[PDB]
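Taking it in order: structure first as structure tokens, then the write-up.
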Amino acid sequence: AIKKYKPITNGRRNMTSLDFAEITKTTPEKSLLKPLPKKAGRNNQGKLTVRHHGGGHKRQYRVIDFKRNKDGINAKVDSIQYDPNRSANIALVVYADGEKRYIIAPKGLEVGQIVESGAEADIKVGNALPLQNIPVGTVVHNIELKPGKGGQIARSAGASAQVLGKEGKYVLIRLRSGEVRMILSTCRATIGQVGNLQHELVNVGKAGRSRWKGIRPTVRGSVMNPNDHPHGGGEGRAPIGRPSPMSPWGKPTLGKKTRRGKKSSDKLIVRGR
Amino acid sequence: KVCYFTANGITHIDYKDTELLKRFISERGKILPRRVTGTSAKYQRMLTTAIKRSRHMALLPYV
Amino acid sequence: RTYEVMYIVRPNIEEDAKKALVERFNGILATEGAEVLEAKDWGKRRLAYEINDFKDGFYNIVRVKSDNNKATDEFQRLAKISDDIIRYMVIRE
Amino acid sequence: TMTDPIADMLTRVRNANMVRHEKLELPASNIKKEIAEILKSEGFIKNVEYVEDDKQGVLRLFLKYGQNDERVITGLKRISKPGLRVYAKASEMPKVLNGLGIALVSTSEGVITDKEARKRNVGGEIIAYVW
Amino acid sequence: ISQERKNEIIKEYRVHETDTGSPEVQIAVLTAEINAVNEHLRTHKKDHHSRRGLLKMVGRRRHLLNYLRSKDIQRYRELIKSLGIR
RNA sequence: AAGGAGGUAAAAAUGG
RNA sequence: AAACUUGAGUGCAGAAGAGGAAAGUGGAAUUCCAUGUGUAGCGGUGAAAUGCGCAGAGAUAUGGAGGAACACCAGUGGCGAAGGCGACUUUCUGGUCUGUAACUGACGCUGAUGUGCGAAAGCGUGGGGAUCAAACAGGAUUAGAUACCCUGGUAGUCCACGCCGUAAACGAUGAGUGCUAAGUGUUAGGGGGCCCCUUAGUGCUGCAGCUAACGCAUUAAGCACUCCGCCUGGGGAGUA
Ligand SMILES: [Mg+2]
Ligand SMILES: [Mg+2]
Ligand SMILES: [Mg+2]
Ligand SMILES: [Mg+2]
Ligand SMILES: [Mg+2]
Ligand SMILES: [Mg+2]
Ligand SMILES: [Mg+2]
Ligand SMILES: [Mg+2]
Ligand SMILES: [Mg+2]
């Protein structure tokens with residue numbers, strides 16, 4: 001899974017990478033591609049509103065079926081494939097009627113396997129069902145928040161959640177963060193855990209590789225000027241020198257909560273992370 | 001003394017024979033010791049396995 | 001290789017639903033080249049202890065012979081997933 | 001496993017003599033039979049019988065006790081061993097107990113006692129001491 | 001291995017009918033057992049206790065092969081090329 | 001009746 | 001060079017087993033969370049205090065979450081080379097014992113160097129985290145108390161994969177082989193009439209013999225042979 005480079009150079013020293021044994025086809029489905037030009041963290045005014053985005057390799061977008069709303073028709077896993085737009089891999093599946101779609105590739109999904117969606121689907125990895133019909137205790141991913149909108153929760157590499165119980169109109173789930181919350185039982189989820197579990201272990205190992213990934217450098221607040229950052233200025237190095245560390249925009253940024261009050265989901269969230 | 005199984009000649013114990021297992025089970029459900037029931041060790045092992053099978057299948061109680 | 005499979009169906013089961021369940025699981029135990037030597041029902045029996053808050057259970061006994069255990073594994077998987085069978089156990093002989 | 005049948009025979013004789021047994025059965029061999037015959041001739045044992053059965057046969061020794069139940073054999077010692085073999089010349093032949101014992105020897109002229117070895121002026125492998 | 005497979009192997013490699021103790025028969029059966037235990041260990045790597053019996057079998061087969069090579073070189077060569085154990 | 005082995009409680013101020 | 005079957009293996013018929021690896025299921029109990037009833041204690045000790053509790057603790061009832069270990073059986077019982085192995089079920093797999101006498105015909109024993117396993121703690125990566133608990137904080141005892149005791153409590157204790165390679169890793173008793181009085185248990189078998197004989201273990205008692213003595217004594221620490229490892233006054237030192 002993880003490959004460790006020999007230290008042929010100081011750049012390669014300690015660098016590791018996925019071996020990509022999972023991948024079975026190294027080119028994407030042409031018809032499922034869309035252009036994805038880079039924003040570099042700049043909004044519709046042309047201003048940089050999110051720092052440290054820019055550059056990086058060119059990427060094509062893969063259209064992904066998060067909704068899994070094609071029910072009662074089997075689909076055969078044509079291939080596992082690399083996807084530059086997400087940490088997870090994607091499975092090209094081919095429906096018995098000939099339609100081809102990408103889905104998040106769950107751990108253990110194999111080429112040739114069959115997946116289905118709907119209320120009558122079996123409880124096996126890659127099948128998508130309403131939480132109504134998913135048994136308690138099952139591990140799932142790609143969970144919807146609104147019926148028919150498509151999965152939004154547990155879609156990162158190795159992501160999963162666990163079904164805990166069934167209230168009237170809601171199902172209790174424990175999310176990867178540890179939060180326990182209610183989700184409308186009419187929402188869908190896919191059985192299993194998102195694959196590519198070793199994603200988090202990769203040691204990027206050099207600055208250029210982050211640059212390829214489109215991460216521009218983070219400059220620390222303490223080495224700016226007072227007009228730049230609350231931590232700027234001071235002769236020589238300086239400690240924080242005030243009651244709390246501050247964001248570049250002057251808000252406390254260590255322990256200060258920022259979840260907004262009077263939110264609709266506050267009565268659905270049973271236990272925070 | 002004499003062993004019940006050795007005397008009766010039965011060479012196998014069925015875990016669904018709750019009436020027989022109740023003979024060697026205690027009032028609270030514990031398995032009676034070999035030195036008390038008189039059984040041989042060979043059949044004591046079989047009896048213990050059968051009793052645990054029945055307990056698992058809820059034929060017999062734990063406590 | 002013989003196998004005795006004992007399972008317990010919940011006591012609040014309808015007659016037709018229980019018949020369908022027993023038939024489905026017997027067929028499952030028969031699928032993978034496994035011959036069901038004989039299946040029978042011991043009726044509804046008191047449980048020595050409450051399982052899932054049930055004081056009774058419909059006891060089904062099955063004997064099936066096979067050269068492998070694919071049928072038994074499928075039965076156990078579907079019994080774990082099922083909310084209608086409370087307990088199950090497979091004995092070799 | 002077994003490594004010195006002569007040693008084993010001597011040790012059987014020693015153990016039987018200690019317990020004051022009357023007879024003694026051991027597996028047979030030509031060398032054991034010649035040793036037993038030498039013992040009988042010299043007077044340390046009463047009798048020797050050979051059973052020519054399968055599996056190499058058996059040697060049945062009958063031990064000799066004197067008056068007052070005294071033991072005729074005081075001790076038997078293996079001299080030449082598989083781990084270190086001992087040979088002696090005719091002029092270097094040892095006297096067991098200043099002559100009151102025998103040293104059983106193996107010679108080109110058959111296994112004999114040290115007295116016969118000295119008489120015929122020969123040496124050989126010193127199988128054992130007995131006294 | 002199953003007793004049926006053992007019977008097949010002893011029939012195949014027996015020097016004469018009713019021969020079960022020949023070095024050829026013993027070492028062929030040992031080869032079959034060694035291969036079966038190797039296949040077991042490939043899945044159950046951490047089965048050191050089984051692997052010890054495997055090593056005992058390997059040593060016994062080696063000693064049989066040594067004796068056979070000392071007694072009859074041609075038979076030894078034929079057997080090793082038949083079993084592919086060199 | 002007297003000796004050998006295993007388990008197993010309940011108690012406890014400090015300094016000679 | 002040629003023969004033999006007694007040793008050593010193999011075949012055939014049987015036996016028991018917490019032997020190992022991987023999945024699955026289950027009851028008791030502890031902790032935590034939510035809720036109803038309920039009042040001023042709980043807990044703890046030699047005695048106390050810290051601590052928890054008037055925000056409603058502890059107790060009690062119900063439900064849920066999760067981890068770890070498997071009450072009785074259980075036994076000088078069993079299995080394994082040793083370490084070790086104790087809920088149940090399935091799959092794969094190792095070893096051992098009994099009888100038979102086809103089968104090979106000495107093919108055996110030991111084993112330096114080597115190559116593996118190896119309790120607990122410990123280390124790395126990733127998980128997990130109930131209980132217990134180094135470190136640590138507070139209380140008590142005390143002349144002092146870096147402790148024993150009390151209240152908490154982190155690593156760790158658990159899992160996977162690697163690493164380490166050490167224990168009073170002990171029977172303080174190397175392996176193999178044969179021989180030398182007896183009595184009596186127990187485990188798994190076999191043969192002959194509850195009894196007798198017998199094989200392999202596991203215990204106790206006890207001759208000859210051995211031993212400085214204690215003791216060992218067919219499971220030798222007796223009598224012998226083979227091979228290996230190891231010792232040569234106490235410290236220094238398992239150090240440089
Ligand atoms: Mg940033
Ligand atoms: Mg500056
Ligand atoms: Mg400012
Ligand atoms: Mg300064
Ligand atoms: Mg400052
Ligand atoms: Mg450890
Ligand atoms: Mg403590
Ligand atoms: Mg030692
Ligand atoms: Mg014995």
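In the text below, chain A, chain B and the rest are named by the order of the sequence lines, each starting its count at 1.
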#### Entry: Side chain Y49(C), main chain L60(B), donor-acceptor under 3.5 Å
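Not a single qualifying donor-acceptor pair exists.
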### Message
Suppose a student defines contact as a heavy atom less than 4.5 Å from any heavy atom of chain B. Which residues in residues 7-32 of chain C would they list?
### Response
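So far as heavy atoms go, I8(C) are the residues that approach chain B to under 4.5 Å.
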### Message
Which heavy atom of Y15(B) sits nearest to which heavy atom of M6(C), and what is that distance?
### Response
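Shortest heavy-atom separation between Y15(B) and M6(C) comes out as OH-SD, 3.4 Å.
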### Query
Which heavy atom of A48(C) sits nearest a heavy atom of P61(B), and at what distance?
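What the structure gives for the nearest pair is CB-N, 3.4 Å.
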#### Entry: Per-residue contact mode, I91(C) against chain B (heavy atom under 4.5 angstrom)
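For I91(C), the side chain is the part near chain B, not the backbone.
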### Message
Need one label for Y59(C): side chain, backbone, both or neither, based on atoms under 4.5 Å from any heavy atom in chain B.
### Response
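Just the side chain, heavy atoms under 4.5 Å.
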### Message
Under 4.5 Å from any heavy atom of chain C, what part of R53(B) do you find: side chain, backbone, both or neither?
### Response
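Both backbone and side chain of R53(B) come within 4.5 Å of chain C.
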### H12(B), part contacting chain C, at a heavy-atom distance under 4.5 Å
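Contact with chain C involves no heavy atom of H12(B) at all.
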### Query
Considering only heavy atoms from C-beta outward, does the side chain of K16(B) approach that of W42(C) to under 4.5 Å?
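Result yes, sub-4.5 Å side-chain heavy-atom pair found.
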#### Entry: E93(C) atom CD, over 12 foreign heavy atoms within 6.0 Å
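Count not over threshold, so no.
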